[PDB]
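Notes to accompany the following structure.
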2 protein chains.
Amino acid sequence: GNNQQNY
Amino acid sequence: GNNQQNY
């Protein structure tokens with residue numbers, strides 16, 4: 001699906 | 001914080 005990664 | 005909106 002839509003991807004948000006906050007490292 | 002960081003924002004991602006997928007309408």
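Starting from 1 in every chain, residues are counted up; chains themselves are A, B, ... following the order of the structure tokens, and ligands are numbered from 1 as listed.
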Find the residues of chain B that sit at most 8 Å from chain A; for each, write down the nearest two atoms and how far apart they are in Å, to one decimal. Count only C-alpha atoms. Sort by chain, then by number going up, and give it as a tab-separated table.
```
residue	atom	partner	partner_atom	distance
B:2	CA	A:6	CA	7.6
B:4	CA	A:4	CA	6.9
B:6	CA	A:2	CA	7.5
```
